[PDB]
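S.K.:
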Amino acid sequence: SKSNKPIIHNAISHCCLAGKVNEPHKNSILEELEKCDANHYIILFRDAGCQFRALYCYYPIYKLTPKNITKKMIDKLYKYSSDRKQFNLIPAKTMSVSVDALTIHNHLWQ
Amino acid sequence: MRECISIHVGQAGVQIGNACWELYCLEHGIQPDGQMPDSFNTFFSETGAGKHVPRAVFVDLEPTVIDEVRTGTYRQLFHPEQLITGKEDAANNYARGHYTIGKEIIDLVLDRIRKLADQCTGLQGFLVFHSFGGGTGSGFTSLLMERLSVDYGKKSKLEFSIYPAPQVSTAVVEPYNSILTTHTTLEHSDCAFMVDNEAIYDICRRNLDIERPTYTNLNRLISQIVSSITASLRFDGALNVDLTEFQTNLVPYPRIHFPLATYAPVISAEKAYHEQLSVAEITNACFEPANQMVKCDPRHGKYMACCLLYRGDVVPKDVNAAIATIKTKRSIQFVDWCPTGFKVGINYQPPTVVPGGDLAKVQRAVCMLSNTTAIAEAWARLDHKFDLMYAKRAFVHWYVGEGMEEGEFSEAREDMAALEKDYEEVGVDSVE
Amino acid sequence: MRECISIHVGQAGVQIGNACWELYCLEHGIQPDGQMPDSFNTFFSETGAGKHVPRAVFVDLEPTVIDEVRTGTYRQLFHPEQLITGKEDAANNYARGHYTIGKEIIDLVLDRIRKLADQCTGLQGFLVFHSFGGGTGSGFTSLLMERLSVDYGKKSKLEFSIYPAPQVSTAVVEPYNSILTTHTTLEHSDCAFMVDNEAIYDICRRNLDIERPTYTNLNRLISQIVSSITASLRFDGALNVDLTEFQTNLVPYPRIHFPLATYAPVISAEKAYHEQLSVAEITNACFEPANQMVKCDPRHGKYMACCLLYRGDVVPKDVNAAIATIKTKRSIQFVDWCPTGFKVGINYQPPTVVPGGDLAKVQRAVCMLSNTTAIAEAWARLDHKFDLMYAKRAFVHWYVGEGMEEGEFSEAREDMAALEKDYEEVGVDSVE
Amino acid sequence: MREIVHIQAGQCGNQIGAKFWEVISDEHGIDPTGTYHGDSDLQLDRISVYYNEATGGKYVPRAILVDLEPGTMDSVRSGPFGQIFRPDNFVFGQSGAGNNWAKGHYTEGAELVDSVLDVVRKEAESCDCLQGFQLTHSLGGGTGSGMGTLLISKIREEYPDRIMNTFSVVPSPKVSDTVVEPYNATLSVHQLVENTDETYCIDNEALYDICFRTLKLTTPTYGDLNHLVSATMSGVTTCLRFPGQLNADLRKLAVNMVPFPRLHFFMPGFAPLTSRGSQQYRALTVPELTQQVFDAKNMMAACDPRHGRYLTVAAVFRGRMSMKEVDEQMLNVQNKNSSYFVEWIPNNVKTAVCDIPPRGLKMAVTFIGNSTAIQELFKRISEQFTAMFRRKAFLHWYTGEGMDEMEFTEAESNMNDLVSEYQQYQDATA
Amino acid sequence: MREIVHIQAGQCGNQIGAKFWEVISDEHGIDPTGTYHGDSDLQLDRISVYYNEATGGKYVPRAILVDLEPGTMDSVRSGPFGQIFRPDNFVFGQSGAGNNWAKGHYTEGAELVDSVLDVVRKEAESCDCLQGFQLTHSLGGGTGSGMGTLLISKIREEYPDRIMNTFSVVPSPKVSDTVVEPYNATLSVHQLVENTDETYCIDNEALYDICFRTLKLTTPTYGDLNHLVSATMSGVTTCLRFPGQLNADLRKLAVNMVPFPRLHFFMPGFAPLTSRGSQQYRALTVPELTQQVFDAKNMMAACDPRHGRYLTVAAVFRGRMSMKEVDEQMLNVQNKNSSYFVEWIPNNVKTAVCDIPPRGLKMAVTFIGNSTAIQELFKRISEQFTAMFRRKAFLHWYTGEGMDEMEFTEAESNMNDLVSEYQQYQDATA
Ligand SMILES: CC(=O)O[C@H]1C(=O)[C@@]2(C)[C@H]([C@H](OC(=O)c3ccccc3)[C@]3(O)C[C@H](OC(=O)[C@H](O)[C@@H](NC(=O)c4ccccc4)c4ccccc4)C(C)=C1C3(C)C)[C@]1(OC(C)=O)CO[C@@H]1C[C@@H]2O
Ligand SMILES: Nc1nc2c(ncn2[C@@H]2O[C@H](COP(=O)(O)OP(=O)(O)OP(=O)(O)O)[C@@H](O)[C@H]2O)c(=O)[nH]1
Ligand SMILES: Nc1nc2c(ncn2[C@@H]2O[C@H](COP(=O)(O)OP(=O)(O)OP(=O)(O)O)[C@@H](O)[C@H]2O)c(=O)[nH]1
Ligand SMILES: Nc1nc2c(ncn2[C@@H]2O[C@H](COP(=O)(O)OP(=O)(O)O)[C@@H](O)[C@H]2O)c(=O)[nH]1
Ligand SMILES: Nc1nc2c(ncn2[C@@H]2O[C@H](COP(=O)(O)OP(=O)(O)O)[C@@H](O)[C@H]2O)c(=O)[nH]1
Ligand SMILES: [Mg+2]
Ligand SMILES: [Mg+2]
């Protein structure tokens with residue numbers, strides 16, 4: 000029934016990859032989104048400044068482009087408002103349907 | 001002392017509570033500023058200066074009905090930290106007040122409660138005011154009742170449900186809310202009062218001689234019911250009652266905990282004369298089928314545990330004589346396994362009339378909280394307002410598209426169809 | 001007979017110090033002329058006439074912001090020998106405020122300090138007000154802390170370092186100023202206080218109801234934290250603590266000496282009412298993640314040592330009561346090697362308010378100076394704002410061309426990465 | 001909060017809008033300049051929902067005005083209540099659609115939609131939290147449907163989770179003001195049942211009979227039709243910006259109303275409707291205003307309510323009144339008309355009571379009806395479509411703009427899907 | 001202290017400065033005669051940074067005007083604000099460069115620059131502590147391209163450690179206003195990437211469109227383009243001479259900005275940009291002024307910011323405001339635009355807030379951005395150079411003035427070196 004596929008395509012192609020510098024890089028990930036049937040996609044940044052590095056998906064968590075993650079390595083929760091077109095933070099901590107993106111620890115990158 | 005705090009979820013809760021905190025300031029000489037020209050420490054926590062503030066968390070997703078509190082007469086009373094607004098309401102959509110929008114601001118709610126439980130050395134219980142109709146009143150209550158009971162567990166939580174009428178409704182998905190806001194808050198709620206709109210419109214017409222009841226007038230009555238359940242904390246009488254004392258008397262089983270209210274005397278100013286309204290006269294104004302403020306037939310079921318809470322000048326001899334007539338009368342029936350099932354209570358304060366209201370200055374009152382069997386057929390009705398809108402699968406496409414499973418609707422009715430037979434478990438007699 | 005003196009390096013200090021000595025004159029009746037209509050001799054050395062001059066050496070490479078001091082309200086106060094200006098600024102360049110330009114005027118600075126160490130029979134401490142952001146405040150201090158320590162060695166040297174924010178920065182080479190200016194100060198700093206702008210902007214927004222805070226308004230808050238650390242010299246309460254006493258209580262190791270400050274209560278004129286702000290109420294206002302004036306989550310690390318510099322009418326029974334609550338609470342953690350880690354200080358002065366300000370008139374206050382483990386993650390961040398702007402060798406060419414080696418940057422980082430594990434030295438528990 | 005961006009397309013909606021903003025200005029005390037002079041503070047308590055406060059204490063309407071030739075815009079900027087708009091927002095082309103649907107969605111729209119959507123994107127960022135996008139157009143013109151169905155195919159991609167209401171003037175049964183308007187409306191329903199949450203089917207033909215019979219008007223100008231449509235257009239969103247006793251808003255007017263994500267074609271009603279001197283003959287009570295509403299002659303859509311059954315009903319009230327009188331009469335007209343209301347929706351009346359009347371009245375009713383009564387409207391146009399396509403007349407003006415016979419059978423298949431689905435949920439009783 | 005010497009060269013620069021010193025004299029309250037009549041003492047607190055106070059209380063601008071023919075000077079001296087200059091400093095020749103680069107640097111350059119550098123040597127000695135040498139010329143002429151690249155190769159020898167900003171007008175993509183301006187630029191870029199610390203690349207072509215679209219002008223004269231360029235020209239050094247809350251001078255706007263000793267080409271911007279009547283339609287607050295800056299239509303350089311990425315971005319604000327708004331808005335336009343900003347420069351906004359607005371406004375942003383968006387500006391000119399060198403047309407006016415093919419290949423190799431380095435530090439991610 001429901002999904003998040005029109006939301007993430009609206010979030011990738013218009014917020015963090017909309018510049019024409021990464022326009023070949025946007026096509027290098029857009030064709031890897033049409034070839035999956037996941038009911039819940041999710042985006043993992045590296046910084047609080049939401050630099051895009053990897054695309055994931057959630058089941059009611065595999066690396067579409072760490073491979074698997076748990077509920078311990080999560081720090082912040084981002085919700086992409088289609089109003090402002092900016093990833094807003096989430097006071098809630100449960101990974102749910104409204105949760106559009108998240109961050110992880112700086113231990114995982116050093 | 002014995003402190004008790006108040007949460008007003010939804011519009012139907014707050015507009016009652018705008019009249020509720022209009023009413024205790026009448027009973028305690030309190031200015032709208034919080035001034036006044047020491048037993049009342051339970052619904053207040055005063056200042057080092059002379060100013061009392063309530064214990065109120067007026068919480069709402071939409072900002073509209075909140076913004077009239079900050080402009081009304083009672084701006085200068087509430088702490089301006091308390092009144093919680095938000096972006097957009099759930100808008101009669103249960104999957105928005107519990108999953109989408111109420112999930113966002115749930116932590117701002119519980120933390121202001123957290124800064125109110127510290128001031129209370131002897132904290133007693135909660136008074137949540139909500140409906141079953143709206144999306145703010147349903148998804149956000151069942152969100153809130155789950156989180157407070159995990160936080161505390163050992164307190165007393167009292168819902169005040171504006172019950173959905175059998176005949177006169179102002180919503181289209183009002184059966185699709187109530188099965189969700191009873192399944193979820195079945196375990197956490199502890200004594201959920203049912204009050205119906207429809208039977209209040211009768212009592213506005215017949216006993217009050219008013220043909221045009223504004224909601225300014227309907228919520229004076231439910232304010233009088235709330236101001237007499239909690240009349241025994243703010244005042245001391247002869248035979249007092251507490252919020253922990255209700256839940257043992259009125260609730261015979263962990264499932265069935267739905268009392269309903271009845272207040273008396275409800276008469277206009279012109280009919281204050283022409284009768285005398287004795288302590289054994291207003292008691293008969295309770296067990297009629299007329300004044301039962303839920304549209305149910307009390308002669309189509311039994312009373313498990315009635316509960317009388319009088320106030321004003323009542324002499325304790327006369328109650329026992331009044332009760333002894335009633336248990337002998339025939340059409341009034343009690344449950345066979347419950348031998349003698351009353352619970353009296355007398356406070357020393359009369360009800361006081363709000364100026365410009367529509368009740369007479371009476372000398373006594375009674376706020377009956379009876380736990381009948383007659384509400385079972387109304388529970389045998391909202392599933393029939395449920396299934397006719399479910400076999401055609403109508404309106405499912407709004408709940409599903411906001412974070413709700415399709416499989417978690419036949420699960421709720423399965424609990425709700427199980428809740429019907431426990432009322433029928435009451436009516437039978439295990440004959441030896 | 002106990003005298004402390006103050007230096008104001010860089011722009012960020014001097015603009016703060018314009019509000020500090022604005023605030024000291026409010027607690028003593030000191031005119032802008034130095035007139036007044047005896048324990049305040051700690052920050053003054055008066056003249057044979059009726060005039061007090063402060064113990065302040067305002068130093069700046071750029072001649073700009075000093076000129077507003079010489080024309081401002083406090084023209085008729087400071088000694089014109091104190092106000093040391095210069096020709097050109099370092100201009101956000103550590104290699105200019107330490108090697109090239111600030112090397113020149115350093116003898117004019119140390120000599121005017123030298124003429125203030127002789128008016129003090131009871132010379133106590135230093136106050137270097139500076140930022141980690143600019144080039145003067147980070148370069149000239151690192152020059153100046155080396156020179157006063159070789160001069161004296163045995164005096165307390167408290168800084169007030171503006172910390173660089175994790176999210177909002179008004180400088181581009183700012184992670185190149187900070188990693189240099191901590192390495193240089195680390196042998197010679199004594200107890201370096203941290204303040205961030207970004208965490209004040211929440212406290213300007215939420216607790217104060219100001220959406221437009223000016224640098225008039227941010228520097229009022231950091232002045233009150235300064236005006237309560239130094240309250241136990243100018244006045245006598247029941248429990249006074251000197252600047253020679255902070256360096257032993259707060260500082261567990263010769264490396265880890267970075268407390269972050271917190272002041273409470275901070276509420277507006279309208280929300281000054283509606284609550285009572287007891288000595289057990291304002292204590293819980295300090296240990297929130299909301300009220301920390303450094304943007305670090307304090308629930309991501311343990312408190313090693315706190316220090317609660319109370320003031321106003323605080324009665325010392327309730328402090329022991331309030332602390333006994335806090336050490337028993339769950340989320341607040343103390344370190345397994347520290348048994349109980351507080352240092353209480355009660356003074357007999359209400360925090361007086363500057364007219365034309367935006368804080369309430371309160372009767373008690375608390376200037377928490379709480380060392381922690383939580384600031385270590387921000388040290389795991391400024392090295393990551395460092396390595397990305399250095400693996401591509403950006404911005405090196407302004408520091409090479411002003412007397413700095415290439416190798417003396419990676420020498421600082423590995424010394425700074427060694428400071429990271431010394432907090433991980435704290436976080437472990439050497440069991441058995 | 002809950003702001004709304006107002007987009008005006010076609011020749012129809014701009015002349016609607018030029019009277020629409022003439023209506024909203026008198027509810028808030030707004031001069032032609034843009035400043036406040038009203039007498040109630042509630043006019044400014048929610049003034050931000052259609053406005054932006056400019057410097058000096060002026061207000062500008064949040065309204066984007068779309069055309070493809072400067073003919074309509076020149077009339078608006080000349081007239082009163084027309085200079086109040088922002089001159090950046092007048093996004094218009096030059097070449098003219100020429101009442102050609104394929105020209106205003108493929109040819110002329112593809113060079114003007116870019117300079118619309120940035121002006122769209124400018125207005126959205128100046129809001130607190132956005133609620134919806136109200137559009138005002140036809141289903142018969144080329145500009146009001148080619149540019150009309152283009153934006154929702156672009157704005158819903160920019161905004162997947164807001165509400166989109168189109169106040170589409172629907173072609174009439176009797177008079178046909180365009181020879182090819184069966185070809186336009188069949189291509190408009192294909193791009194309104196897929197992307198909009200609700201659609202306000204208003205006709206021209208039954209709009210005169212309300213003017214002639216009930217109102218007793220001699221000469222109905224369009225300045226009296228759009229005068230009347232603007233009443234419903236503002237009456238829906240007076241419960242979002244004024245404190246009612248029982249509040250509704252544009253999301254509450256979606257979940258109450260629409261049982262299936264295709265069947266969302268509404269049809270309004272308004273009351274009181276008097277004459278210049280015949281106001282003495284009646285009383286203004288809620289039992290009177292209710293029975294004026296449910297007549298056959300007050301539904302502005304040109305279809306008989308009795309030929310078919312209702313599903314959901316939202317009678318948004320205005321003015322200061324009581325609540326039982328509402329709740330009695332809404333019950334009263336369901337018991338005597340339970341054959342007209344369908345079986346499988348019990349308590350199918352959404353009451354909404356506000357507290358502010360229209369300017370100068372005492373009360374008002376803004377009915378919103380959702381019925382099976384427009385199954386024959388989509389049996390009307392889809393029959394006018396088919397005979398004009400078996401001979402395929404007027405086809406070389408659409409094929410020449412890049413369009414095939416393959417597309418024209420899909421929209422005919424799409425609308426005949428909608429014929430069966432009103433038919434399916436009309437008699438399905440259990 | 002911190003005094004700045006102002007050299008002007010070429011026909012272009014000698015008319016910008018006549019508007020530039022027309023601009024400054026209203027900020028400090030200076031008559032055409034040279035005396036003070038203003039109202040604020042802050043006007044005279048730093049009057050000595052562009053002036054010398056002569057006898058009688060007269061002030062004279064520290065400005066040196068250079069030309070090779072007396073045509074442009076005679077316009078300046080006859081006009082207002084022309085007699086205020088020192089008449090010794092009008093150092094000019096008589097031959098005229100004739101829009102010829104090889105004539106104004108090799109032939110006529112050596113016969114006049116001796117009389118220039120002595121005047122430079124005279125003006126520096128009347129200062130307390132010298133700051134820098136701001137300069138105004140083009141990259142298409144013969145005088146402003148040849149005399150200006152002569153001076154900096156001489157003045158840097160006289161001053162190895164002062165800052166050198168040139169406000170160079172850059173040739174346009176569409177209209178080739180000079181037949182051989184692809185030859186003037188590449189010979190001038192050879193002497194700006196090796197001596198100057200910052201070079202303010204301003205185009206004509208994007209400067210016209212702002213006069214048409216945003217400003218709504220019908221007849222844009224050069225007296226309304228240089229009027230606009232001078233607003234940026236004073237906005238950079240209004241923080242060096244006025245007490246700001248966050249002070250920035252010409253050295254702070256060097257080390258914050260310039261990441262590498264070659265990539266130092268800036269492209270400015272300005273806000274607000276109203277119209278004569280459209281000022282009533284907006285709000286003059288920092289959330290508007292920020293988003294007016296980062297449009298494609300506010301960059302005065304003829305290039306798209308969306309093509310290419312930024313590295314470091316300055317924003318010098320004027321007028322009394324608050325710091326949180328600016329700290330919010332500068333934060334805001336990086337999170338929604340994280341694609342446009344480069345990764346390996348975090349916190350890539352430099353901010354400056356001064357306390358004095360422009369004369370008559372409330373607030374104003376003077377933008378200074380650095381980008382990879384000018385790789386194609388040096389891919390445009392480096393291609394117009396190449397096709398005009400294969401057939402080597404228009405060469406016998408340069409070879410005749412002592413110049414070889416050796417120079418025309420090195421400068422072509424010099425500029426394609428810079429094409430690689432805006433490419434090297436654009437995709438280098440880590
Ligand atoms: C002295 C006095 O009370 O005069 C009334 C009046 O006499 C009557 C007859 C009015 C009048 O309406 C008409 O004559 C009419 C003409 C053409 C089409 C429709 C109506 C009135 O013009 C219309 C007008 O309505 C309003 O002012 C509302 O705010 C209305 N505004 C407009 O329609 C409007 C008209 C011109 C310019 C701008 C706006 C409105 C209604 C719904 C939503 C928003 C606004 C009213 C009460 C009056 C007059 C002046 C005579 C009536 O209509 C309305 C819409 O109120 C017709 O029956 C009602 C009953 C009113 O009593
Ligand atoms: N007694 C009483 N009932 C009221 C009042 N206002 C509304 N109601 C009832 O509230 C029910 C509708 O649900 P509400 O609780 O008001 O809606 P909500 O909780 O605000 O949630 P939303 O859907 O988000 O608006 C109906 O049964 C109304 O009769 C009032 O003033 N008094
Ligand atoms: N709290 C606060 N911070 C300030 C104030 N003024 C400047 N700052 C901060 O100071 C930092 C920059 O340091 P500066 O002192 O201005 O620079 P500098 O050391 O003087 O050296 P220059 O680069 O030569 O000006 C930034 O992070 C500013 O936010 C102020 O009034 N209050
Ligand atoms: N209600 C109303 N209908 C109008 C008005 N103007 C035009 N129409 C109708 O709009 C239809 C013609 O469409 P139109 O919008 O002019 O063409 P377009 O400009 O290509 O969209 C016809 O059915 C007209 O009756 C008006 O002012 N009011
Ligand atoms: N902005 C601006 N550009 C000008 C002005 N005068 C000339 N130019 C430009 O300068 C270029 C011609 O160079 P010019 O300076 O006159 O030749 P030179 O005297 O040999 O340096 C062309 O690109 C003109 O557009 C002016 O007043 N303003
Ligand atoms: Mg609600
Ligand atoms: Mg400085």
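Sequence order for the protein chains is I, O, X, S and U.
FYI, in the authors' numbering the residues of the first sequence are 0 to 59, 64 to 68, 72 to 116.
FYI, in the authors' numbering the residues of the second sequence are 1 to 37, 47 to 441.
FYI, in the authors' numbering the residues of the third sequence are 1 to 37, 47 to 441.
FYI, in the authors' numbering the residues of the fourth sequence are 1 to 44, 47 to 360, 369 to 440.
FYI, in the authors' numbering the residues of the fifth sequence are 1 to 44, 47 to 360, 369 to 440.
We treat Cβ as the ideally placed atom computed from N, Cα and C, and that holds for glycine.
1) What does the alpha-carbon distance come out to for the pair residue 45 (chain X) and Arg156 (chain X)?
2) Look at the alpha carbon of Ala233 (chain U) and the alpha carbon of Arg369 (chain U), and state the distance between them as a whole number of angstroms.
3) Tell me whether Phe418 (chain X) sits in a helix, a strand or coil according to DSSP, three-state version.
4) What does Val257 (chain U) reach in chain X if we use C-beta pairs closer than 7 Å?
5) Determine the extent of the beta strand (DSSP E) in which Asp367 (chain O) is found, giving its start and end residues.
6) What does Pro63 (chain S) pair with, by DSSP beta-bridge criteria?
7) Would you say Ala303 (chain S) lies against chain U (beta-carbon separation less than 9 Å)?
8) Helix, strand or coil, according to DSSP, for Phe296 (chain U) in the structure here?
9) Any idea what DSSP makes of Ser198 (chain X), helix, strand or coil?
10) Spell out the partners DSSP gives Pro270 (chain U) in its beta bridges.
M.R.: By the coordinates alone:
1) Structure remark: chain X lacks residues between 37 and 47, so residue 45 (chain X) is without coordinates.
2) Start at 1 with the first residue of the fifth sequence, and residue 233 (chain U) comes out as number 231. Start at 1 with the first residue of the fifth sequence, and residue 369 (chain U) comes out as number 359. Distance between the alpha carbons of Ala233 (chain U) and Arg369 (chain U) is about 11 Å.
3) As a working mapping, residue 418 (chain X) is identified with position 409 in the third sequence. Helix.
4) For the purposes of this step, residue 257 (chain U) is taken as residue 255 along the fifth sequence, with counting starting at 1. Within chain X, the residues near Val257 (chain U) are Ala100, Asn101, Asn102, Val182 and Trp407.
5) Working through the second sequence from its first residue, we reach residue 367 (chain O) at position 358. First-last for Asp367 (chain O): undefined, no H or E at that position.
6) One-based indexing of the fourth sequence puts residue 63 (chain S) at position 61. According to DSSP, which records beta bridges pairwise, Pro63 (chain S) is partnered with S:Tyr53.
7) Against the fourth sequence, residue 303 (chain S) aligns to sequence position 301. So no, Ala303 (chain S) is outside the interface.
8) In the fifth sequence, counting from the first residue as 1, residue 296 (chain U) sits at position 294. Here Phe296 (chain U) sits in coil by DSSP.
9) Position 189 of the third sequence holds residue 198 (chain X). In this structure, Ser198 (chain X) counts as coil in the three-state DSSP scheme.
10) Here residue 270 (chain U) refers to the residue found at position 268 of the fifth sequence. BP columns for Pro270 (chain U) point to U:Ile378.
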